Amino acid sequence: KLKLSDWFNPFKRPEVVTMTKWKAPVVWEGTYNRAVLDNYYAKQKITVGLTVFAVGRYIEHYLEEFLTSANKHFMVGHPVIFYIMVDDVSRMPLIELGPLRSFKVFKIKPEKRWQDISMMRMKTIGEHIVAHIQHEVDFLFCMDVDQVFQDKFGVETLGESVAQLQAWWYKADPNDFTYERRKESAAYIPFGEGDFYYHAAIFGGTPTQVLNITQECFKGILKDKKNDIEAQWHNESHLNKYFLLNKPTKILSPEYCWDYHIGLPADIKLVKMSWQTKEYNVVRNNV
């Protein structure tokens, strides 16, 4: 049986938060023993899934860069399936995949508002988990397309439910977090509450956990609609409320999703994934 101490050493990064009050690890560069985990998971013969949505001009701007870097860096040494959700398969970029990568593509309906395109992902991911993903993989990650893998993103990131620290807020106090603060929203988090500010651009877990994450978020999204309210940061608002009520068993450091517009401070030792520069004028078709 795998124990935390087998692979995780918090003392290697004493200058950062490495453990939660519910005893979940926060995975920083230097703290993980990947060789130990690679072996353990190889014996279990795991497969890892990754979902990514590209609707509209997100395809031309981000899909190729995301997939090319994911092929190179994501869960290397283990079978991986990329689940690619696009509104137009004819614009799908043509890329060669390396050993232990395969893919499958689904044509989805494009929603009118980008806000709904972004939020409907929660419904769609859940449907695919029930239909097929639960039968195909042991762990799943669900990611935004507007980012690029920069270095190895491996088995150290795997857990039951996995959350990402948003790069701009990891050192901030909870009362400074851009949580949804309107009590009328299902995503509401009161001042005086909250552990961390999680980024919606990366989350994961077992198919069971990810289905619950996505079902609960989508229920909140739908309730808000009935109450004529839309959460400030959409999925992220709902995701943060979810991870407040149901604590993640693993958190990833901002090294796993870093914004270079911040610069590069001392705490960030080796970037695994970086944000693409925002291009809303082009890639979005409404305010």
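Residue numbers run from 1 along the displayed sequence.
When the two stretches 253 to 261 and 33 to 41 are set side by side, the higher mean Cα temperature factor goes to 33 to 41. Between 152 to 160 and 89 to 97, it is 89 to 97 that carries the larger average Cα temperature factor according to the deposited entry. When all modelled residues of the chain are sorted by CA temperature factor, residue 193 is found within the middle third. Remark: residue 68 belongs to the lowest third of its chain, ranked by C-alpha B-factor as recorded. The deposited CA B-factor of residue 103 belongs to the highest third of values across its chain. Annotation for residue 221: CA B-factor lies in the middle third of the chain's modelled residues. Residue 274: CA B factor lies in the lowest third for its chain, per the PDB record.
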